file protein-v6.txt (compact mmCIF, C-alpha atoms)
# COMPACT_ATOMS: atom_id res chain seq x y z
CA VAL A 4 -87.48 -99.07 -91.62
CA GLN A 5 -87.60 -95.58 -90.11
CA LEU A 6 -85.57 -92.47 -90.94
CA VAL A 7 -85.29 -89.52 -88.55
CA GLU A 8 -83.48 -86.32 -89.54
CA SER A 9 -81.88 -83.90 -87.09
CA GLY A 10 -79.63 -80.85 -87.19
CA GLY A 11 -82.12 -78.52 -88.82
CA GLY A 12 -82.68 -74.99 -87.60
CA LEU A 13 -82.00 -71.30 -88.05
CA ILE A 14 -78.59 -70.08 -89.19
CA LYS A 15 -77.12 -66.92 -90.71
CA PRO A 16 -75.98 -66.70 -94.33
CA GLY A 17 -72.38 -67.88 -94.53
CA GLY A 18 -72.88 -70.42 -91.76
CA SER A 19 -72.31 -74.16 -91.74
CA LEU A 20 -74.65 -76.92 -90.55
CA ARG A 21 -74.41 -80.70 -90.51
CA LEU A 22 -77.67 -82.59 -90.92
CA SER A 23 -77.85 -86.22 -89.84
CA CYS A 24 -80.27 -89.06 -90.39
CA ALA A 25 -80.47 -92.16 -88.24
CA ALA A 26 -82.11 -95.35 -89.47
CA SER A 27 -83.80 -97.93 -87.24
CA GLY A 28 -85.31 -101.31 -88.07
CA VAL A 29 -82.89 -102.04 -90.91
CA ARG A 30 -79.11 -101.62 -91.08
CA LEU A 31 -78.31 -98.45 -93.04
CA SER A 32 -75.68 -100.39 -95.01
CA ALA A 33 -78.41 -102.00 -97.10
CA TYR A 34 -79.30 -98.61 -98.59
CA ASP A 35 -77.99 -96.09 -101.05
CA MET A 36 -79.14 -92.85 -99.37
CA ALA A 37 -80.07 -89.35 -100.54
CA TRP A 38 -81.13 -85.89 -99.46
CA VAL A 39 -84.01 -84.06 -101.12
CA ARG A 40 -85.16 -80.54 -100.33
CA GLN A 41 -88.19 -78.34 -100.91
CA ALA A 42 -87.76 -74.60 -100.66
CA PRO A 43 -90.72 -72.33 -99.88
CA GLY A 44 -92.89 -72.05 -102.99
CA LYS A 45 -90.73 -74.37 -105.08
CA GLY A 46 -90.90 -77.99 -106.19
CA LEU A 47 -88.76 -80.78 -104.79
CA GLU A 48 -85.09 -80.95 -105.72
CA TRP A 49 -82.42 -83.61 -105.40
CA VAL A 50 -79.54 -82.38 -103.26
CA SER A 51 -77.10 -85.26 -102.81
CA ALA A 52 -76.83 -89.05 -102.70
CA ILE A 53 -74.38 -91.70 -101.56
CA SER A 54 -73.91 -95.42 -102.25
CA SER A 55 -74.14 -97.97 -99.44
CA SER A 56 -70.34 -98.24 -99.35
CA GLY A 57 -69.87 -94.48 -99.53
CA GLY A 58 -67.62 -94.79 -102.57
CA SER A 59 -70.00 -93.12 -105.02
CA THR A 60 -71.76 -89.79 -104.59
CA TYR A 61 -74.10 -87.36 -106.33
CA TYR A 62 -74.42 -83.58 -105.94
CA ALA A 63 -76.85 -81.11 -107.52
CA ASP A 64 -74.95 -78.36 -109.35
CA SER A 65 -76.51 -75.82 -106.97
CA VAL A 66 -74.63 -77.25 -103.98
CA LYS A 67 -71.52 -78.76 -105.57
CA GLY A 68 -68.42 -77.75 -103.64
CA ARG A 69 -70.33 -76.44 -100.63
CA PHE A 70 -72.16 -79.61 -99.56
CA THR A 71 -70.59 -82.96 -98.70
CA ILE A 72 -72.49 -86.18 -98.08
CA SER A 73 -71.02 -88.97 -95.95
CA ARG A 74 -72.13 -91.92 -93.86
CA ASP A 75 -71.18 -94.09 -90.89
CA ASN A 76 -72.87 -97.46 -91.32
CA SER A 77 -71.61 -98.61 -87.92
CA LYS A 78 -73.81 -95.86 -86.45
CA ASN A 79 -76.53 -96.38 -89.07
CA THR A 80 -76.32 -92.66 -89.82
CA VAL A 81 -75.92 -90.57 -92.98
CA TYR A 82 -74.78 -86.93 -92.92
CA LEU A 83 -75.03 -83.83 -95.07
CA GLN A 84 -72.41 -81.20 -94.30
CA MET A 85 -73.65 -77.84 -95.57
CA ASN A 86 -71.06 -75.07 -95.76
CA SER A 87 -71.24 -71.40 -96.75
CA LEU A 88 -75.02 -71.47 -96.59
CA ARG A 89 -77.10 -69.04 -98.64
CA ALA A 90 -80.64 -67.75 -98.22
CA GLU A 91 -81.68 -69.87 -101.22
CA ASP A 92 -80.64 -72.98 -99.31
CA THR A 93 -83.64 -72.40 -97.04
CA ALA A 94 -85.91 -75.45 -97.33
CA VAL A 95 -87.21 -78.59 -95.69
CA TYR A 96 -84.57 -81.31 -96.06
CA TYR A 97 -85.60 -84.94 -96.36
CA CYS A 98 -83.35 -87.95 -95.99
CA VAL A 99 -84.51 -90.86 -98.13
CA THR A 100 -83.39 -94.28 -99.28
CA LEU A 101 -83.03 -94.89 -103.02
CA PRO A 102 -85.12 -97.77 -104.40
CA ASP A 103 -83.47 -101.12 -105.06
CA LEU A 104 -84.60 -102.44 -108.44
CA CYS A 105 -85.37 -106.08 -109.20
CA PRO A 106 -85.66 -107.95 -112.51
CA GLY A 107 -89.13 -109.32 -111.80
CA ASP A 108 -90.47 -110.03 -108.30
CA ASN A 109 -87.51 -112.23 -107.38
CA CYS A 110 -85.80 -110.17 -104.68
CA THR A 111 -85.83 -109.86 -100.91
CA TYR A 112 -84.65 -106.27 -100.50
CA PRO A 113 -85.86 -104.21 -97.53
CA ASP A 114 -88.50 -101.60 -98.39
CA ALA A 115 -87.65 -98.04 -99.41
CA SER A 116 -88.41 -95.17 -97.06
CA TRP A 117 -88.70 -91.39 -96.67
CA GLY A 118 -87.79 -89.37 -93.62
CA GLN A 119 -90.14 -86.85 -92.01
CA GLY A 120 -87.90 -83.93 -92.94
CA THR A 121 -86.14 -81.17 -91.02
CA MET A 122 -86.37 -77.43 -91.66
CA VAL A 123 -83.27 -75.37 -92.44
CA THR A 124 -83.74 -71.60 -92.48
CA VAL A 125 -80.84 -69.45 -93.65
CA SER A 126 -81.64 -65.86 -92.73
CA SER A 127 -80.46 -62.74 -90.89
CA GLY A 128 -81.78 -59.25 -90.15
CA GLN B 5 -88.78 -80.30 -117.05
CA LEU B 6 -90.72 -83.49 -116.30
CA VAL B 7 -94.49 -83.27 -116.75
CA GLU B 8 -96.94 -85.82 -115.37
CA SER B 9 -100.35 -86.38 -116.94
CA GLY B 10 -103.15 -88.95 -116.95
CA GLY B 11 -104.27 -88.15 -113.42
CA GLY B 12 -107.41 -86.49 -112.13
CA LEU B 13 -110.68 -87.91 -110.83
CA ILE B 14 -111.28 -91.66 -110.80
CA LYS B 15 -114.03 -93.72 -109.18
CA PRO B 16 -113.15 -96.16 -106.36
CA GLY B 17 -111.85 -99.47 -107.69
CA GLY B 18 -111.03 -97.82 -111.00
CA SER B 19 -107.75 -97.60 -112.90
CA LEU B 20 -105.58 -94.79 -114.20
CA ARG B 21 -102.38 -94.74 -116.22
CA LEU B 22 -100.11 -91.83 -115.38
CA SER B 23 -97.57 -90.73 -117.96
CA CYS B 24 -94.43 -88.65 -117.64
CA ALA B 25 -92.77 -86.90 -120.56
CA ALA B 26 -89.92 -84.42 -120.50
CA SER B 27 -88.47 -81.44 -122.30
CA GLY B 28 -84.74 -80.81 -122.02
CA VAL B 29 -84.24 -84.23 -120.43
CA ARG B 30 -83.73 -87.61 -122.14
CA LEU B 31 -85.67 -89.94 -119.85
CA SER B 32 -84.38 -93.16 -121.45
CA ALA B 33 -80.92 -92.46 -119.95
CA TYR B 34 -82.26 -92.50 -116.39
CA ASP B 35 -83.61 -94.96 -113.86
CA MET B 36 -87.00 -93.40 -113.03
CA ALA B 37 -89.47 -93.46 -110.16
CA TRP B 38 -92.84 -92.28 -108.92
CA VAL B 39 -93.36 -90.60 -105.56
CA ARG B 40 -96.63 -89.49 -103.98
CA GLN B 41 -97.93 -87.32 -101.18
CA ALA B 42 -101.42 -87.87 -99.84
CA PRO B 43 -103.21 -84.95 -98.13
CA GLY B 44 -101.77 -84.41 -94.65
CA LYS B 45 -99.20 -87.15 -95.10
CA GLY B 46 -95.51 -87.19 -95.87
CA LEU B 47 -93.95 -88.03 -99.22
CA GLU B 48 -93.37 -91.70 -100.00
CA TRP B 49 -91.93 -93.95 -102.70
CA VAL B 50 -94.47 -95.60 -104.99
CA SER B 51 -92.55 -97.38 -107.71
CA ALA B 52 -89.28 -97.32 -109.71
CA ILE B 53 -87.91 -98.69 -112.99
CA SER B 54 -84.44 -99.11 -114.49
CA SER B 55 -83.37 -97.13 -117.53
CA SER B 56 -83.65 -100.29 -119.64
CA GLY B 57 -86.99 -101.07 -118.03
CA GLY B 58 -85.90 -104.56 -117.03
CA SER B 59 -85.86 -103.97 -113.28
CA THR B 60 -88.57 -102.54 -111.04
CA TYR B 61 -89.66 -101.69 -107.49
CA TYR B 62 -93.07 -101.36 -105.81
CA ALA B 63 -93.94 -100.04 -102.36
CA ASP B 64 -95.76 -102.64 -100.27
CA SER B 65 -99.00 -100.63 -100.28
CA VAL B 66 -99.29 -100.75 -104.08
CA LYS B 67 -97.49 -103.95 -105.10
CA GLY B 68 -99.87 -106.22 -106.99
CA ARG B 69 -102.13 -103.30 -107.89
CA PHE B 70 -99.70 -101.06 -109.80
CA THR B 71 -97.50 -101.62 -112.84
CA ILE B 72 -94.67 -99.32 -113.87
CA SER B 73 -93.38 -99.36 -117.45
CA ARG B 74 -91.62 -97.19 -120.01
CA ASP B 75 -91.28 -96.55 -123.74
CA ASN B 76 -87.74 -95.40 -124.49
CA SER B 77 -88.67 -94.64 -128.10
CA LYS B 78 -91.07 -91.94 -126.95
CA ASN B 79 -88.96 -91.18 -123.86
CA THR B 80 -91.98 -91.64 -121.63
CA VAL B 81 -92.57 -93.47 -118.34
CA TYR B 82 -95.91 -94.82 -117.12
CA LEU B 83 -97.57 -95.96 -113.91
CA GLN B 84 -100.76 -97.98 -114.28
CA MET B 85 -102.72 -97.91 -111.03
CA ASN B 86 -105.54 -100.41 -110.46
CA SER B 87 -108.11 -101.07 -107.72
CA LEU B 88 -107.73 -97.47 -106.57
CA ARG B 89 -108.96 -96.49 -103.12
CA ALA B 90 -109.23 -93.42 -100.90
CA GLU B 91 -105.68 -93.88 -99.64
CA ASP B 92 -104.36 -93.53 -103.19
CA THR B 93 -105.65 -89.95 -103.47
CA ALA B 94 -102.50 -87.84 -103.64
CA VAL B 95 -100.17 -85.75 -105.74
CA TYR B 96 -98.02 -88.07 -107.88
CA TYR B 97 -94.53 -87.03 -108.98
CA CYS B 98 -92.31 -88.62 -111.61
CA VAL B 99 -88.60 -88.20 -110.93
CA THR B 100 -85.26 -89.31 -112.31
CA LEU B 101 -83.08 -91.22 -109.85
CA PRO B 102 -79.61 -89.71 -109.30
CA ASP B 103 -76.57 -91.16 -111.04
CA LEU B 104 -73.88 -91.86 -108.47
CA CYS B 105 -70.30 -90.97 -109.37
CA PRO B 106 -67.57 -93.44 -108.29
CA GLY B 107 -65.17 -90.62 -107.52
CA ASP B 108 -65.33 -87.10 -108.92
CA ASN B 109 -65.84 -85.49 -112.31
CA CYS B 110 -68.26 -87.92 -113.90
CA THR B 111 -70.33 -86.40 -116.69
CA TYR B 112 -73.83 -87.53 -115.77
CA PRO B 113 -76.68 -85.10 -116.51
CA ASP B 114 -78.36 -83.54 -113.46
CA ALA B 115 -81.33 -85.28 -111.85
CA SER B 116 -84.81 -83.75 -112.03
CA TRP B 117 -88.21 -83.73 -110.32
CA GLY B 118 -91.63 -83.46 -111.89
CA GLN B 119 -94.14 -80.80 -110.83
CA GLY B 120 -96.62 -83.50 -109.85
CA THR B 121 -100.23 -84.19 -110.77
CA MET B 122 -103.25 -84.75 -108.54
CA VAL B 123 -105.12 -88.05 -108.44
CA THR B 124 -108.46 -87.97 -106.68
CA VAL B 125 -110.25 -91.23 -105.95
CA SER B 126 -113.91 -90.27 -105.57
CA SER B 127 -117.34 -91.36 -106.80
call {"tool": "encode", "arguments": {"input": "protein-v6.txt", "output": "structure tokens"}}
result
Amino acid sequence: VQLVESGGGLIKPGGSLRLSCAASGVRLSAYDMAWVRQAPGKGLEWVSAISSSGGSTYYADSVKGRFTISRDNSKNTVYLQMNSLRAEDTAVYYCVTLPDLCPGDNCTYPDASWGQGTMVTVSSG
Amino acid sequence: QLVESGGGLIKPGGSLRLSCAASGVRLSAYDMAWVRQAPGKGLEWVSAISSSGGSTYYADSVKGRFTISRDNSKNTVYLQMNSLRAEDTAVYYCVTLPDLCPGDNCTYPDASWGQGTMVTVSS
């Protein structure tokens, strides 16, 4: 399984960007997916997550209302729409799968994975 | 905040048991996991455990060598690492796994990430 994020870059405060993550080697539908970020000088922080079906989602309070996570399993891609960006949203964004838990070693789930990350810089002047 | 301990220096082939405790967060109510980042490498999943502790996950590189467990009476989570080698040297983070809301307005507490602790496999 391999995750590759794209859409990162430089944008002015107030802007909107859509990050995407394509999975290869395993159908994306097998995974509940999530976005994690790490701002300069800060620890890692959960941003958003979405179930394999797309019916359940998670959002950190810091981005609630401005960010929307979605997915297109047919394209094996997950997205993170980021609106009304702020300087504090500057960080490396990672797309990751969420572990599938098993009662004992009796499952045949595909392995979990982490993307390489993509930088998002919200600045001006 | 989540705080990891029990790391540090360990000789090759040795064992360490990492612990994670938290202040302002009730760990027993969350599925938990361990993530690591070796020098010059990207972050990667290590292991995970259900809130009840009945279900688990292990990355291929550590399965059979590591054991994740938890004590919900002390609200702590552990990761016993055995047969440690150079590739296991890394910063280890304990994290809660996000609660997914089937719609909007659920009342789950926010997810959190530990600060991480260094594990150095050296003689």
call {"tool": "closest_atom_pairs", "arguments": {"input": "protein-v6.txt", "of": "chain B", "to": "chain A", "cutoff": "8 Å", "atoms": "all atoms listed in the file", "output": "Markdown table"}}
result
| residue | atom | partner | partner_atom | distance |
| --- | --- | --- | --- | --- |
| B:46 | CA | A:119 | CA | 6.6 |
| B:47 | CA | A:117 | CA | 6.7 |
| B:48 | CA | A:117 | CA | 5.7 |
| B:49 | CA | A:116 | CA | 6.8 |
| B:52 | CA | A:102 | CA | 6.8 |
| B:53 | CA | A:104 | CA | 6.8 |
| B:54 | CA | A:104 | CA | 6.9 |
| B:58 | CA | A:106 | CA | 5.7 |
| B:59 | CA | A:106 | CA | 4.1 |
| B:60 | CA | A:104 | CA | 4.7 |
| B:61 | CA | A:104 | CA | 5.2 |
| B:63 | CA | A:114 | CA | 6.9 |
| B:64 | CA | A:114 | CA | 7.6 |
| B:101 | CA | A:101 | CA | 7.8 |
| B:102 | CA | A:61 | CA | 6.7 |
| B:103 | CA | A:61 | CA | 6.5 |
| B:104 | CA | A:60 | CA | 4.9 |
| B:105 | CA | A:59 | CA | 4.9 |
| B:106 | CA | A:59 | CA | 4.1 |
| B:107 | CA | A:59 | CA | 6.0 |
| B:114 | CA | A:63 | CA | 6.6 |
| B:115 | CA | A:49 | CA | 6.8 |
| B:116 | CA | A:48 | CA | 6.9 |
| B:117 | CA | A:48 | CA | 6.2 |
| B:118 | CA | A:46 | CA | 7.9 |
| B:119 | CA | A:46 | CA | 6.3 |
call {"tool": "residues_around", "arguments": {"input": "protein-v6.txt", "residues": "residue 8 (chain B)", "least_positions_apart": "3", "cutoff": "8 Å", "atoms": "only C-alpha atoms", "output": "PyMOL selection string"}}
result
chain B and resi 11+22-25+96-98+118-121
call {"tool": "atom_distance", "arguments": {"input": "protein-v6.txt", "atom1": "CA of residue 85 (chain B)", "atom2": "CA of residue 37 (chain B)"}}
result
14.0 Å
call {"tool": "closest_residue", "arguments": {"input": "protein-v6.txt", "among": "A:127, A:9, A:55, A:93", "to": "residue 73 (chain A)", "atoms": "all atoms listed in the file"}}
result
A:55
call {"tool": "residues_around", "arguments": {"input": "protein-v6.txt", "residues": "residue 94 (chain A)", "least_positions_apart": "6", "cutoff": "10 Å", "atoms": "only C-alpha atoms", "output": "PyMOL selection string"}}
result
chain A and resi 11+39-45+47+120-125
call {"tool": "residues_near_point", "arguments": {"input": "protein-v6.txt", "point": "(-74.2, -73.9, -100.2)", "cutoff": "8 Å", "atoms": "only C-alpha atoms", "output": "PyMOL selection string"}}
result
chain A and resi 65-70+85-89+92
call {"tool": "atom_distance", "arguments": {"input": "protein-v6.txt", "atom1": "CA of residue 10 (chain B)", "atom2": "CA of residue 29 (chain B)"}}
result
19.8 Å
call {"tool": "decode", "arguments": {"input": "protein-v6.txt", "residues": "chain A", "atoms": "C-alpha atoms", "output": "PDB file, in the first residue's frame"}}
result
ATOM      1  CA  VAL A   4       0.000   0.000   0.000  1.00  0.00           C
ATOM      2  CA  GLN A   5       1.269   3.468  -0.937  1.00  0.00           C
ATOM      3  CA  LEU A   6      -0.201   6.904  -0.213  1.00  0.00           C
ATOM      4  CA  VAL A   7       0.813  10.007  -2.171  1.00  0.00           C
ATOM      5  CA  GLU A   8      -0.474  13.462  -1.234  1.00  0.00           C
ATOM      6  CA  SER A   9      -0.781  16.378  -3.645  1.00  0.00           C
ATOM      7  CA  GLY A  10      -2.273  19.862  -3.688  1.00  0.00           C
ATOM      8  CA  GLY A  11       0.116  21.386  -1.183  1.00  0.00           C
ATOM      9  CA  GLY A  12       1.726  24.757  -1.730  1.00  0.00           C
ATOM     10  CA  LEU A  13       1.751  28.463  -0.955  1.00  0.00           C
ATOM     11  CA  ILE A  14      -1.500  30.383  -0.545  1.00  0.00           C
ATOM     12  CA  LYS A  15      -2.624  33.675   0.981  1.00  0.00           C
ATOM     13  CA  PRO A  16      -4.634  33.889   4.206  1.00  0.00           C
ATOM     14  CA  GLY A  17      -8.319  33.600   3.330  1.00  0.00           C
ATOM     15  CA  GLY A  18      -7.636  31.242   0.454  1.00  0.00           C
ATOM     16  CA  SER A  19      -8.960  27.759  -0.227  1.00  0.00           C
ATOM     17  CA  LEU A  20      -7.028  24.618  -1.165  1.00  0.00           C
ATOM     18  CA  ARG A  21      -8.044  21.022  -1.778  1.00  0.00           C
ATOM     19  CA  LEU A  22      -5.499  18.370  -0.840  1.00  0.00           C
ATOM     20  CA  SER A  23      -5.810  14.899  -2.325  1.00  0.00           C
ATOM     21  CA  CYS A  24      -4.292  11.523  -1.593  1.00  0.00           C
ATOM     22  CA  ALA A  25      -4.186   8.638  -4.033  1.00  0.00           C
ATOM     23  CA  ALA A  26      -3.663   5.064  -2.879  1.00  0.00           C
ATOM     24  CA  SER A  27      -2.018   2.334  -4.954  1.00  0.00           C
ATOM     25  CA  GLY A  28      -1.542  -1.370  -4.255  1.00  0.00           C
ATOM     26  CA  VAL A  29      -4.750  -1.708  -2.235  1.00  0.00           C
ATOM     27  CA  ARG A  30      -8.247  -0.402  -2.945  1.00  0.00           C
ATOM     28  CA  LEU A  31      -8.862   2.708  -0.837  1.00  0.00           C
ATOM     29  CA  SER A  32     -12.276   1.322   0.132  1.00  0.00           C
ATOM     30  CA  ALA A  33     -10.636  -1.058   2.601  1.00  0.00           C
ATOM     31  CA  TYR A  34      -9.485   1.891   4.709  1.00  0.00           C
ATOM     32  CA  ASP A  35     -10.848   4.456   7.091  1.00  0.00           C
ATOM     33  CA  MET A  36      -8.622   7.444   6.220  1.00  0.00           C
ATOM     34  CA  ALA A  37      -7.330  10.514   8.044  1.00  0.00           C
ATOM     35  CA  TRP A  38      -5.298  13.692   7.750  1.00  0.00           C
ATOM     36  CA  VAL A  39      -2.662  14.632  10.311  1.00  0.00           C
ATOM     37  CA  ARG A  40      -0.617  17.822  10.332  1.00  0.00           C
ATOM     38  CA  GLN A  41       2.531  19.169  11.937  1.00  0.00           C
ATOM     39  CA  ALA A  42       2.990  22.913  12.112  1.00  0.00           C
ATOM     40  CA  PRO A  43       6.467  24.450  12.406  1.00  0.00           C
ATOM     41  CA  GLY A  44       7.708  23.958  15.965  1.00  0.00           C
ATOM     42  CA  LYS A  45       4.616  22.076  17.120  1.00  0.00           C
ATOM     43  CA  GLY A  46       3.708  18.458  17.722  1.00  0.00           C
ATOM     44  CA  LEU A  47       1.483  16.377  15.467  1.00  0.00           C
ATOM     45  CA  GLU A  48      -2.250  17.033  15.423  1.00  0.00           C
ATOM     46  CA  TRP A  49      -5.232  15.127  14.081  1.00  0.00           C
ATOM     47  CA  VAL A  50      -7.083  17.179  11.485  1.00  0.00           C
ATOM     48  CA  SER A  51      -9.856  15.020  10.048  1.00  0.00           C
ATOM     49  CA  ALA A  52     -10.888  11.420   9.358  1.00  0.00           C
ATOM     50  CA  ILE A  53     -13.439   9.538   7.288  1.00  0.00           C
ATOM     51  CA  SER A  54     -14.864   6.010   7.317  1.00  0.00           C
ATOM     52  CA  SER A  55     -14.424   3.699   4.337  1.00  0.00           C
ATOM     53  CA  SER A  56     -18.023   4.367   3.267  1.00  0.00           C
ATOM     54  CA  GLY A  57     -17.713   8.098   3.842  1.00  0.00           C
ATOM     55  CA  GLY A  58     -20.718   8.109   6.152  1.00  0.00           C
ATOM     56  CA  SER A  59     -18.802   8.970   9.319  1.00  0.00           C
ATOM     57  CA  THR A  60     -16.323  11.793   9.805  1.00  0.00           C
ATOM     58  CA  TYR A  61     -14.090  13.445  12.395  1.00  0.00           C
ATOM     59  CA  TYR A  62     -12.871  17.056  12.622  1.00  0.00           C
ATOM     60  CA  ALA A  63     -10.502  18.731  15.077  1.00  0.00           C
ATOM     61  CA  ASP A  64     -12.199  21.718  16.739  1.00  0.00           C
ATOM     62  CA  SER A  65      -9.547  23.975  15.192  1.00  0.00           C
ATOM     63  CA  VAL A  66     -10.791  23.273  11.660  1.00  0.00           C
ATOM     64  CA  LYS A  67     -14.465  22.440  12.207  1.00  0.00           C
ATOM     65  CA  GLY A  68     -16.633  24.318   9.722  1.00  0.00           C
ATOM     66  CA  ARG A  69     -13.733  25.355   7.490  1.00  0.00           C
ATOM     67  CA  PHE A  70     -12.402  21.931   6.485  1.00  0.00           C
ATOM     68  CA  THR A  71     -14.354  19.133   4.808  1.00  0.00           C
ATOM     69  CA  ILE A  72     -13.081  15.607   4.241  1.00  0.00           C
ATOM     70  CA  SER A  73     -14.474  13.424   1.456  1.00  0.00           C
ATOM     71  CA  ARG A  74     -13.492  10.463  -0.687  1.00  0.00           C
ATOM     72  CA  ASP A  75     -14.029   8.815  -4.063  1.00  0.00           C
ATOM     73  CA  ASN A  76     -13.283   5.117  -3.703  1.00  0.00           C
ATOM     74  CA  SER A  77     -13.777   4.571  -7.427  1.00  0.00           C
ATOM     75  CA  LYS A  78     -10.728   6.810  -7.910  1.00  0.00           C
ATOM     76  CA  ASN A  79      -9.000   5.452  -4.795  1.00  0.00           C
ATOM     77  CA  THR A  80      -8.612   9.044  -3.621  1.00  0.00           C
ATOM     78  CA  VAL A  81      -9.408  10.919  -0.401  1.00  0.00           C
ATOM     79  CA  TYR A  82      -9.684  14.719  -0.237  1.00  0.00           C
ATOM     80  CA  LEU A  83      -9.383  17.489   2.315  1.00  0.00           C
ATOM     81  CA  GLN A  84     -11.063  20.725   1.284  1.00  0.00           C
ATOM     82  CA  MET A  85      -9.533  23.587   3.274  1.00  0.00           C
ATOM     83  CA  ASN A  86     -11.431  26.874   3.198  1.00  0.00           C
ATOM     84  CA  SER A  87     -10.749  30.305   4.692  1.00  0.00           C
ATOM     85  CA  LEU A  88      -7.169  29.329   5.472  1.00  0.00           C
ATOM     86  CA  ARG A  89      -5.264  31.021   8.294  1.00  0.00           C
ATOM     87  CA  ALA A  90      -1.549  31.453   8.942  1.00  0.00           C
ATOM     88  CA  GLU A  91      -1.853  28.921  11.788  1.00  0.00           C
ATOM     89  CA  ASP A  92      -2.971  26.306   9.262  1.00  0.00           C
ATOM     90  CA  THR A  93       0.588  26.311   7.921  1.00  0.00           C
ATOM     91  CA  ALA A  94       1.989  22.796   8.339  1.00  0.00           C
ATOM     92  CA  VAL A  95       2.996  19.566   6.656  1.00  0.00           C
ATOM     93  CA  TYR A  96      -0.166  17.547   5.985  1.00  0.00           C
ATOM     94  CA  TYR A  97      -0.056  13.766   6.020  1.00  0.00           C
ATOM     95  CA  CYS A  98      -2.706  11.425   4.701  1.00  0.00           C
ATOM     96  CA  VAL A  99      -2.820   8.169   6.637  1.00  0.00           C
ATOM     97  CA  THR A 100      -4.919   5.040   6.989  1.00  0.00           C
ATOM     98  CA  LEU A 101      -6.405   4.251  10.400  1.00  0.00           C
ATOM     99  CA  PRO A 102      -5.435   0.859  11.849  1.00  0.00           C
ATOM    100  CA  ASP A 103      -7.884  -2.034  11.608  1.00  0.00           C
ATOM    101  CA  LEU A 104      -8.025  -3.841  14.946  1.00  0.00           C
ATOM    102  CA  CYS A 105      -8.292  -7.604  15.361  1.00  0.00           C
ATOM    103  CA  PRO A 106      -9.320  -9.738  18.358  1.00  0.00           C
ATOM    104  CA  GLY A 107      -6.163 -11.849  18.346  1.00  0.00           C
ATOM    105  CA  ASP A 108      -4.102 -12.595  15.228  1.00  0.00           C
ATOM    106  CA  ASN A 109      -7.088 -13.934  13.304  1.00  0.00           C
ATOM    107  CA  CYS A 110      -7.520 -11.322  10.573  1.00  0.00           C
ATOM    108  CA  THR A 111      -6.396 -10.740   7.005  1.00  0.00           C
ATOM    109  CA  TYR A 112      -6.626  -6.952   6.814  1.00  0.00           C
ATOM    110  CA  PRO A 113      -4.236  -5.032   4.558  1.00  0.00           C
ATOM    111  CA  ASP A 114      -1.437  -3.209   6.402  1.00  0.00           C
ATOM    112  CA  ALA A 115      -1.760   0.368   7.651  1.00  0.00           C
ATOM    113  CA  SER A 116       0.214   3.137   5.989  1.00  0.00           C
ATOM    114  CA  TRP A 117       1.398   6.747   6.202  1.00  0.00           C
ATOM    115  CA  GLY A 118       1.809   9.159   3.329  1.00  0.00           C
ATOM    116  CA  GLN A 119       4.986  11.154   2.718  1.00  0.00           C
ATOM    117  CA  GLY A 120       3.260  14.447   3.456  1.00  0.00           C
ATOM    118  CA  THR A 121       2.717  17.692   1.558  1.00  0.00           C
ATOM    119  CA  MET A 122       3.551  21.202   2.740  1.00  0.00           C
ATOM    120  CA  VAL A 123       0.875  23.887   3.008  1.00  0.00           C
ATOM    121  CA  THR A 124       2.099  27.410   3.683  1.00  0.00           C
ATOM    122  CA  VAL A 125      -0.478  30.109   4.380  1.00  0.00           C
ATOM    123  CA  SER A 126       1.286  33.459   4.193  1.00  0.00           C
ATOM    124  CA  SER A 127       1.356  36.898   2.559  1.00  0.00           C
ATOM    125  CA  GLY A 128       3.535  40.007   2.662  1.00  0.00           C
TER     126      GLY A 128
END
